[PDB]
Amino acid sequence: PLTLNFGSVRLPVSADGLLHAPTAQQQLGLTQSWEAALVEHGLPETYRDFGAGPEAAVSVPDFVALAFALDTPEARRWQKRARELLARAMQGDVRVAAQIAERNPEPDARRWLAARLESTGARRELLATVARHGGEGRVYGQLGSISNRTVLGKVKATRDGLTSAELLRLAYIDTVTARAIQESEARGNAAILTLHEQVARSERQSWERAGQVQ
């Protein structure tokens, strides 16, 4: 019996991420028959296991579509939540990020987030260090490209599609380049990129050597 805990509301959810329709109805103030609501709002008729055998189910995007189609006070709260969520997401409210993270049924999802945040931490300190060491123009993108070539084997949005392992390798490479720039007192795009690419090739060759059948 899995649930989506969205604030005080506890919406029971199927294995493939569909809400119990009856709980969704009382949660949108929908007193209409489900069969009549299905037809009016153009929703599929489907059933899932929540405990009490097979019961009507609605996807989360269809739930949100219903919230925005209706005018009941209940539907109007859900509309308000969406507007406040958009405001807070755009503002960078880490309270909301943590609430969303903690809503994911898979603990491995929050482990991915930890690796993702280590990567942004390292990238940020690398870009700041490069800025102070006379980095200009394209250097910030060029750094990203080198890091992504080496780990992927072939930048902020590409990292949303990397595994947690790939992200930790990126975080390491970036933190090491930052350390090497600080120590070298290397200056300018050419020297900085030569140094970053060096760190990047050294770590890849390291992985490849350790991965040989012995």
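The first residue of the shown sequence is 1; numbering continues from there.
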Mean C-alpha temperature factor, higher of 143-151 and 23-31: 23-31
Between the two ranges 194-202 and 9-17, the one averaging a larger CA B factor in the entry: 9-17
According to the Cα B-factor stored in this entry, which of the following is highest: 51, 44, 188, 61? 51
Based on the entry's values, in what third of the chain does the Cα temperature factor of residue 69 lie: lowest, middle or highest? middle
Taking the C-alpha B-factors as the PDB entry records them, is residue 123 in the lowest, middle or highest third of its chain? lowest
Among the modelled residues of its chain, does the C-alpha B-factor of residue 83 lie in the lowest, middle or highest third? middle
Which third, lowest, middle or highest, does the CA B-factor of residue 138 fall in along this chain? lowest
Comparing against every modelled residue in the chain, figure out the third that the C-alpha B-factor of residue 56 lands in (lowest, middle or highest). middle
